[PDB]
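Residues per chain, in single letters:
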There are 2 protein chains.
Amino acid sequence: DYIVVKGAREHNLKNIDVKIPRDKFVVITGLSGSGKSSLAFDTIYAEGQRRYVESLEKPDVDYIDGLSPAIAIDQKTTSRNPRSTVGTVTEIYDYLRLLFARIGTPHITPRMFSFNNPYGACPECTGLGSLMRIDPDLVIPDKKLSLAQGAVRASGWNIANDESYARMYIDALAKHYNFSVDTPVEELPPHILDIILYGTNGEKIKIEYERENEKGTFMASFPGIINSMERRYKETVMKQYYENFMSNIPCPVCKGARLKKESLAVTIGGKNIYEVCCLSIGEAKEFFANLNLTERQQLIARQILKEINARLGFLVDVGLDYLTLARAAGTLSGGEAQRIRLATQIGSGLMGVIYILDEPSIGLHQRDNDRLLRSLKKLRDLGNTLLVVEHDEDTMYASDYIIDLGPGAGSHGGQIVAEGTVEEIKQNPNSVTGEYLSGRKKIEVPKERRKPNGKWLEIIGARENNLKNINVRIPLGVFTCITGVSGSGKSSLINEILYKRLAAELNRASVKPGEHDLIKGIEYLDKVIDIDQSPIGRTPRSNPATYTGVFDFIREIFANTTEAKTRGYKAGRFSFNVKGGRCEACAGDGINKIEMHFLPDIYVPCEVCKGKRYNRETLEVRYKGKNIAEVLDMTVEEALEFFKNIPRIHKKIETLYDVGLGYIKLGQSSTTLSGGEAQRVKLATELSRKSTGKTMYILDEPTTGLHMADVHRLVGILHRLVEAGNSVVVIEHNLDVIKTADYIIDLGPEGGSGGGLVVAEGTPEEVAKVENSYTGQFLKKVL
Amino acid sequence: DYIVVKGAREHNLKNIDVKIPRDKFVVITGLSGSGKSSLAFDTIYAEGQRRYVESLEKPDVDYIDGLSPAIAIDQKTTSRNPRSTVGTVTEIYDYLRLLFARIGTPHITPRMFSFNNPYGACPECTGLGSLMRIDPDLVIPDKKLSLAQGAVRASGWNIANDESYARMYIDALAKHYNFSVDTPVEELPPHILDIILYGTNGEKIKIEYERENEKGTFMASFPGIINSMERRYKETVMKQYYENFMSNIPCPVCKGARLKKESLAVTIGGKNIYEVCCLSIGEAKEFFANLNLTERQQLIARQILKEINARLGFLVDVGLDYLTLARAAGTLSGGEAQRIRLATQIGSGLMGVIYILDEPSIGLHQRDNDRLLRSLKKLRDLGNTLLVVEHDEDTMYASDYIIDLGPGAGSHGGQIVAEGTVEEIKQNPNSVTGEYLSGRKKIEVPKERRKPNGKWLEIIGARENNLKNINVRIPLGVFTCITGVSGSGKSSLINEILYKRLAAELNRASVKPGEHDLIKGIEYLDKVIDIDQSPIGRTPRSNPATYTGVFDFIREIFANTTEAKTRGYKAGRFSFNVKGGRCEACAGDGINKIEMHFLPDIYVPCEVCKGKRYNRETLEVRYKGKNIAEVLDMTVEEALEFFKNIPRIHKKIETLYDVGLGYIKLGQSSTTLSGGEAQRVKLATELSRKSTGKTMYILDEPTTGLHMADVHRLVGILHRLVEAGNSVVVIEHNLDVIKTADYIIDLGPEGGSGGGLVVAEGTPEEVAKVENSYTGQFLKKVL
DNA sequence: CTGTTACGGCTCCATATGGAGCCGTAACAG
DNA sequence: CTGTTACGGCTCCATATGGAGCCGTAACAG
Ligand SMILES: Nc1ncnc2c1ncn2[C@@H]1O[C@H](COP(=O)(O)OP(=O)(O)O)[C@@H](O)[C@H]1O
Ligand SMILES: Nc1ncnc2c1ncn2[C@@H]1O[C@H](COP(=O)(O)OP(=O)(O)O)[C@@H](O)[C@H]1O
Ligand SMILES: [Zn+2]
Ligand SMILES: [Zn+2]
Ligand SMILES: [Zn+2]
Ligand SMILES: [Zn+2]
């Protein structure tokens, strides 16, 4: 009953040997990058998944005894398909179909109650429920411009180059229809434009092909630009491009129900399937509980009503008390999707599986922790084991086994520091997490807080989603934290309104604004910058030294040496993305590709350059006994001491060290960077830039996957940034960040359609005095 | 701790409700087609696999509580890839690589010891170990024939039709090389033929394209027939066609080792990696056990030697004591692959998984049951549960829970007859399996056995595989059973030699014969027929009524009625594969195809014909109150009484009923037929045909997935077939079939390279008197 | 009448070019 | 000297026709 793992050396683990107990609550804690995520995901989950899949990416581990099939729950989601909804994912729609087939009355089979089968799906919308076609205005935004000027901006239909296939198709269509490309689009007859857009509907046409050395003709049909784009979207970066020219509208016949008339006719207690499926989860549970039926109906529907009640109770106990069963699963955030999946797993009944979670209490107010922990304990008691990777102080007190990694990060960290229960790690003298739990070092509350300087941002007519037509004022030049219960609409109010409008007004961005009437004070904000968890770059030619800009200065320093001047090199010669200095064998990528007869291409280190990404001639030049490869393979901590003489590089290196990246090296590929490292890199880049006093910064849950020490360091960095003159607005839930803020805006008083208004606004002391605010009560308790 | 399933209605189950205990040995027993396989595979395994996959084909079941992820072990295998071998599948090659890297001495990393990575794979053969190219003789078997006559018989390169693309390519090549297609291939210059076969190696050539209404020219390169075929095979029915023209040969450099010279240089105790990997499993285990090393080597290699010893012990305990670790996994039978997978799962250490097996004791002699049961019990004790579907009398006595289905088959069967331990089902009066276990009805041994009629089949120079140059004599006109321990070479001796040579001599088949010198007495066998478990047909237009030939007679009977003569129909008008009588809406298929926007095509019953596969005009004709659809939807049991008047149909229907197919209906699609039903259909078809007295029948394990009653019925059918004059040779392991045979040939005395000679031959009484024969000892015990 | 041989018709399965994002470089302004 | 703006070069990701097996049918022989 022990998951014994011996000889674990994946990534930066120093040959650890742990003994995780089975069927007990085990939490893994460590600093950002200490290896807490590697030990779980790269080793244990990978080994379990491989063991199961090979029966029905081997980790670098000697042997693991006692493993079980594992399921990973992470805050990742994709577009998936419009067919899948919340009701389908939660596996409640099937039971609803069974209930409607068994007890529904005409106004009776479970085959026509679903939109996934031809029996009941609406023929007009094919069961999707929203005809997503291509808007003619989006296809040709500039009707005044002629065809030669590039009226058709859609990909795959550009006639800019006469040698392109699209140009040949356009010429063939013009020949068939007796038209001229140079003629203006508006001046062209509407019939010709309609025929070009919608194609010939299979009509036979003559097409002439002209090439550099080949001439001929062939007979075929013209699908049309719109039809070809629709076919490409149906057969499908590309998805986003297709959606950019597509406008979503409800089906004219079914009115978004995505069901046939006969299926919608059957109703239970005066409400059809769509009425039940398009309400709040709490309201639906209340309606189901109060439902009354005859003795025979109760006897024949008990086995379905019990399951429906249990699943709805679990879903509302997880924390989602505002969702709608008809909501499309594509438009779900990471936290909502993760909690939906956790509820589905708790309700399915799977037994004997290792569950590996990724910070379950993400994007969730502190008032719901007492119920999320109960749900997790019920899941554990179902007959499973948990590998919850949690940092919140409220999670450790309700666990059984605590495994703390460290003691540092990167190269320093990786070894198991201390294990045991909460008390043992609390009394352990050499544990950072235990030290913070004991209260030896705590985030001290500020004494004096900044006051607004008379400049305010005004929001008028905020009515997007569930906003109840509220007006808010955000002070400028003072740290601002926007709190609120789950589903209150704060995330919408920020992202879909304020950031979008500011980007449109300042950066000339092209995004759809929110349902906001007017915004006052825009002229006082020179620039707006959004910091997210997305990686800095996807190509291998991007490193935390190139992004920060220190690489250009270091290249200039290398080129200013005596040897470089003697050999007549260039400032940019020592770069791995230009021709002349990089190793020509691998073209500067640093990894060669070898293809086998029946295997995918396997990447191996380059033999000529030995993985240094540079030629021998470039490495010949030495600066203070170090070459370009040695510098690129040196960590920031050593670089701080190495370049103390030159202040231009020293300032940026010190900024990067102060952000908290003193364990990675300047040559790490951007692919290997995680979300936290990317956020820290972006923060360092923003800090390095000169302060203009009119900068707006927006952070969306900055404490995602950060330990308490990382939270303290980020609080210090944010306060230092705010002291420079710029103002930053942060959507936060952690009480540590909230208690050190300057101005707090609270949105409530409940989630979903119940809330959406402003409850309290002002200093934290003022908010703590309001009885009708959970955030105020918690702030009073902390203070 | 109960896998409770309620409301199971998949296939032909009559709403059963069972309670399978957890972590205990559970065996499912029933007649062939009673639903024992459905309840396991279609319901429980499908539900478990779906539940697990949806977390990282919904069964028609209400709800299942307590399920766990399930792994299905079945006697199915594919070509897979040449990379995978027995050593790779068993997951021993990785530990061997680790051992060689850690303790191997030069004559040291685990990266160059594998052929799956560029570090150690042989560059010449790309790590495959056998250069499988296209033989020039196979490409052009008839060099005398000209190009126009069809010299190139390879698919995708035929020039029979001048309008084909291959013909255009051939014409372009002839124009470029100044050659004539009409010229004989032999008379053509060798250089031109070599250039055509191997392509132009990227050389630019001129190609002229001529079509019905399009004329032009283009510049490209000719890949060549051989290169195109090789590329198609690499990028890949099709596999068999590609392998037909490909001859496997060992790599000239590595001599089949598939490793680099440096990797092969390292040796342990005078033997390199290939020497250890190319020996018997028992010999390898003995060599590893006797290996000696220093104290430090023992300390650093204990963790690998222990695992290697344990895995080899498990593999030899399963029953495979003759395999070679270097054997390619493609050339493995169903039983060997299933037992390899079972050994791998027993050794991996997976815990908390439902294991669903498919007759583990398949193709295994009765002497290894006492060890196979021990291995299965060890797997169960590892912390799992088992759903072994077994029929052998030696398996029930070592089980914990017995679930018996029935009481009949098809429509009659499906309900749970009796459950409990072995004693309770034995004392149950209404259980067929319990009745046979108690001994109420048993297969009585014959009193007098047939003697050879002086005609014998002579095998001279049998040396294929492990055969030790033996000569055997098979009597003609008497039932012959070929027994032998696992791996003795009986399967090779039969399939790869006798059947192949007989087919080549009589049916003019084109297969590679075995290593046989000469065969005497071939002229005494007029026809040879092989009966296998393959389905009768794959297309939906094939039924157990069309294959037997009764459908033609029934169509003639329908056309001979008064109404058919009045309306002037045809004899073949009432068929679902011709134009005129079938429902034109679905073109006689009976299922319409509906395609959605983002879903695969979903098959639904045809609306016009309502699933009857016929038009209204055809159904208007009524014969004795029954139409063609009613007849096609009528079971054989009713058809026996219905057509008692006409003897032409009655004979075939009675034969089909006597075979044991009195539960399926004449309209069942061949896709839904299983292996046992296909074998029974083939037996009925062979029995219906007239007896010529010179027919040879070969059966390969006919008792696969048959209950004891089915075994008795098949024994009776085989004896009736033999009494007609024809002789049948059966490879059997079950003692029930063996004890009722007439002539027995025993091959031993061990498996693999140890055996291959003939031990005993003659009547079962004579064989039972030989001390050096396990089959003889078991026959003595039974008798 | 029944079996065999050959042929016709049917269904199923198999086989390079443009856009987005980033890094480097020249020019300009405070 | 430092920040900003515009442009060039590089890498990654996206989009019908023939052969095999079976069923039906005409012709022929015992
Ligand atoms: N695509 C959508 N369609 C309809 N309603 C939506 C959509 N997206 C969000 N909403 C509604 O807007 C609200 C936004 O809440 P949100 O700000 O995401 O809460 P939190 O800040 O806790 O994540 C939700 O209650 C949801 O009901
Ligand atoms: N492709 C092959 N290459 C080398 N040896 C083979 C191959 N196929 C079979 N053999 C050998 O021929 C023997 C045939 O055994 P077989 O009679 O099939 O076993 P069983 O009696 O269990 O059916 C095996 O011992 C095997 O070692
Ligand atoms: Zn519709
Ligand atoms: Zn290189
Ligand atoms: Zn080789
Ligand atoms: Zn039809």
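Its PDB header attributes the entry to cryo-EM and lists the resolution as 3.87 Å.

(A) Here's a closer look at the overall build of chain A. Of regular secondary structure, chain A possesses 29 helices and 26 strands. A globule of 783 residues ought to have a C-alpha radius of gyration of about 28 Å, and chain A, at 30 Å, matches this closely. For chain A, the C-alpha atoms occupy an extent of roughly 80 × 80 × 65 Å along the three principal directions.

(B) Expanded view of the pattern of salt bridges. Notably, a salt bridge pairs B:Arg97 with B:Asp94, separated by 3.3 Å at the nearest N-O pair. With B:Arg97 and B:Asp94 both in helix 3 (residues 93-103), this residue pair falls three residues apart, about one helical turn. It is possible to trace a salt-bridge network through shared partners that takes in A:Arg9, A:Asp60 and A:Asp62.

(C) Just the sheet that holds strand 5 (residues 70-72) of chain A, in detail. Residue and element names in this part refer to chain A. Judged by pairing direction, the sheet is mixed, and its six strands sit side by side in the order 5-12-13-3-14-15 without closing on themselves. Each end of this open sheet is capped by a strand with a single partner; those strands are strand 5 and strand 15 (418-420). With strand direction ignored, the average angle separating the axes of adjacent strands in the sheet is 15°. Looking at chain direction, strand 5 and strand 12 (residues 354-356) are connected through three bridges and run parallel.

(D) Focus on the relation of the copies chain A and chain B. Between the two copies, chain A and chain B, the superposition gives an RMSD of 0.0 Å; the rotation angle is 180° and the shift along the axis is 0.0 Å. As the rotation angle and translation indicate, the two copies are arranged about a two-fold axis. Of the interface residues in chain A, 97% have counterparts in chain B that sit at the interface too, so the contact is made through matching surfaces.

(E) Fine view of the interface of chain A and chain B. Residue-level contacts link 38 residues of chain A with 37 residues of chain B. For the side of chain A that touches chain B, the elements supplying multiple residues, two or more each, are helix 1 (36-53), strand 4 (61-65), strand 5, strand 8 (215-220) and helix 13 (334-348) of chain A. When the residues that make up the side of chain A that touches chain B are grouped by side-chain class, the tally is 18 nonpolar, twelve polar and eight charged.

(F) Geometry of the packing of aromatic side chains. On the numbers, 6.4 Å between centres and 70° between planes, the contact of B:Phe558 with B:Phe574 is edge-to-face. Here the residue B:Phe558 occupies a position in helix 20 (residues 550-559), and B:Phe574 occupies one in the loop between helix 21 (562-567) and strand 21 (591-594), the gap between them amounting to 16 residues. Between the aromatic rings of B:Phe642 and B:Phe643, the centroid separation amounts to 4.9 Å while the plane-to-plane angle is 70°, which identifies the pairing as edge-to-face. One aromatic cluster is present, formed by A:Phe558, A:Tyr569, A:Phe574 and A:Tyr623 through successive ring pairs. Directly above the ring of B:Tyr774 sits B:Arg367, whose terminal nitrogen or CZ lies 5.2 Å from the centroid. One cation-aromatic arrangement involves B:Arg648 over B:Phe553; the distance from NZ or CZ to the ring centre is 4.8 Å.

(G) Examining the domain arrangement of chain A more closely. Residues and elements named next belong to chain A. Segmentation of chain A into domains returns domain 1 (2-77 + 333-438), domain 2 (86-129 + 251-318), domain 3 (133-249), domain 4 (456-535 + 677-782) and domain 5 (550-646). A straight line from the C-alpha centre of domain 1 to that of domain 2 covers 37 Å. Tallying the contact residues gives eleven residues for domain 1 and nine residues for domain 2. If you list the elements that add at least two residues to the side of domain 1 that touches domain 2, you get helix 13 and helix 14 (369-381). The greatest single-element share of the side of domain 1 that touches domain 2, amounting to six residues, is contributed by helix 13. Tallied by class, residues from the side of domain 1 that touches domain 2 come to four nonpolar, four polar and three charged.

(H) Expanded view of the packing of helix 3 of chain B against helix 12 (residues 295-318) of chain B. Residue and element names in this part refer to chain B. With their axes 10 Å apart at the nearest point, helix 3 and helix 12 run at an angle of 165° to one another. The orientation of helix 3 relative to helix 12 falls into the category roughly antiparallel. Taken as a pair, helix 3 and helix 12 cross one another with a handedness that is left-handed. Touching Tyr95, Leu96, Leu98, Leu99, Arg102 and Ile103 of helix 3 are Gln297, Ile300, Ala301, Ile304, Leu305, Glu307, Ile308 and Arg311, all from helix 12. Looking at the contact of helix 3 with helix 12 residue by residue, the class counts come to ten nonpolar, one polar and three charged.

(I) Local environment of the sheet that holds strand 4 (residues 61-65) of chain B. Residues and elements named next belong to chain B. Across the sheet, three strands lie side by side as 2-1-4; this open sheet has antiparallel pairing. The open sheet is flanked by strand 2 (16-21) and strand 4, the only strands paired with a single partner. Sheet twist, expressed as the mean angle between neighbouring strand axes with direction ignored, is 10°. Bridge count between strand 1 (residues 2-8) and strand 2: six bridges; the pairing is antiparallel. In the strand pairing of strand 2, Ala8 is matched with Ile16. On the sheet, helix 1 (residues 36-53) packs against strand 2 and strand 4 and is oriented at approximately 65° with respect to strand 4.

(J) Examining the pairing of strand 24 (residues 727-731) of chain B more closely. Residue and element names in this part refer to chain B. Bridge analysis of strand 18 (residues 480-484) against strand 24 gives three bridges, and the strand direction is parallel. Within the sheet, the bridge partner assigned to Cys481 lies in strand 24 and is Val730. Note that strand 23 (residues 695-700) and strand 24 share five bridges and pair parallel. Directly across from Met696, in strand 24, lies its bridge partner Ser727. Taken together, strand 23, helix 27 (residues 708-723) and strand 24 form a β-α-β motif whose crossover is right-handed.

(K) Highlighting the pairing of strand 25 (residues 743-748) of chain A. All names here are of chain A. Bridge count for strand 18 (residues 480-484) against strand 25 is five bridges, and the pairing is parallel. The residue bridging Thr480 from the neighbouring strand is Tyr743, located in strand 25. Sheet analysis places strand 25 next to strand 26 (residues 757-762), joined by four bridges and oriented antiparallel. Along strand 26, the bridge assignment pairs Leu747 with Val758.

(L) Structural view of the environment of A:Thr385. All names here are of chain A. If you trace the backbone, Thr385 turns up in strand 13 (residues 385-388). Taking the C-alpha atoms as reference, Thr385 lies 35 Å from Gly489; in sequence the two are 104 residues apart. Every residue in contact with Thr385, bar those within four places of it in the chain, is listed here: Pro21, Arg22, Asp23, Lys24, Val353, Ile354 and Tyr355. Among the polar contacts listed, one links the side chain of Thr385 to the backbone oxygen of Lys24, at a separation of 3.4 Å.

(M) Representation of unusual backbone geometry within the structure. Residues and elements named next belong to chain A. Between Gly748 and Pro749 the backbone carries a cis peptide bond, its omega angle lying at -5°. Position of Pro749 relative to the elements: it lies in the loop between strand 25 and strand 26. Phi at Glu359 is positive, roughly 50°, even though this residue is not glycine. Relative to the assigned elements, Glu359 resides in the loop between strand 12 and helix 14.

(N) Summary view of the environment of B:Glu464. Residues and elements named next belong to chain B. Residue placement: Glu464 occurs in the loop between strand 16 (456-460) and strand 17 (473-475). For the pair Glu464 and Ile744, spaced 280 residues apart in the sequence, the C-alpha separation amounts to 21 Å. Leave out the neighbours within four places in its chain, and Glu464 touches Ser492, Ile497, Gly514 and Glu515.

(O) Representation of the packing of helix 19 (residues 550-559) of chain A against helix 24 (residues 647-659) of chain A within the structure. Residues and elements named next belong to chain A. Contact geometry for helix 19 and helix 24: axes closest at 10 Å, N-to-C directions at 150°. Taken together, the axes of helix 19 and helix 24 lie roughly antiparallel to each other. In the packing of helix 19 onto helix 24, the handedness of the crossing is left-handed. Contacts between helix 19 and helix 24 involve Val550, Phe553 and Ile554 on the former and, on the latter, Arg648, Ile649, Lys652 and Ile653.

(P) Summary view of the environment of B:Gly461. Within the element layout of this structure, B:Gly461 appears in the loop between strand 16 and strand 17. Contacts of B:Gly461, omitting those with residues within four sequence positions, involve B:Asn469, B:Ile470, B:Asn471, B:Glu515, B:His516 and B:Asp517.

(Q) Layout of helix 27 of chain B. Between the first and last C-alpha of helix 27 of chain B there are 23 Å, a value that for 16 residues agrees with the 22 Å anticipated at 1.5 Å per step. B:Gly725, located one to two residues past helix 27 of chain B, shows a positive phi value of around 125°.

Rules of the game
- Residues numbered from 1 in each chain as written, not as in the entry; some residues may be left out.
- Chains lettered and ligands numbered in written order.
- Heavy atoms only, no water.
- Residues with missing side-chain atoms left out of burial classes, pairs and counts.
- Helix = DSSP H or I, 4+ residues; strand = E, 2+ residues; numbered from the N terminus.
- Rg over C-alpha atoms; globule rule 2.2 N^0.38 Å.
- Salt bridge = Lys/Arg side-chain N within 4 Å of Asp/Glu carboxyl O.
- Pairing = 2+ DSSP bridges.
- Axes fitted to C-alpha atoms, helices over the stretch in contact; angles between N-to-C directions.
- Least-squares fit on C-alpha atoms.
- Contact = heavy atoms within 4.5 Å.
- Nonpolar A, V, L, I, M, F, W, Y, C, P; charged D, E, K, R; others polar.
- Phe/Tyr/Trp six-rings, centres within 6.5 Å; stacked < 30°, edge-to-face > 60°.
- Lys NZ or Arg CZ within 6 Å of the ring centre and 35° of its normal.
- Domains from an automatic or database assignment.
- Parallel < 35°, antiparallel > 145°, perpendicular 65-115°, else oblique.
- Left-handed = near helix turned anticlockwise from the far one by under 90°.
- Right-handed = clockwise from strand over helix to strand, strands pointing away.
- Polar contact = N/O pair within 3.5 Å; in protein donor to acceptor, adjacent residues only side chain to side chain.
- Expected span 1.5 Å × (residues − 1).

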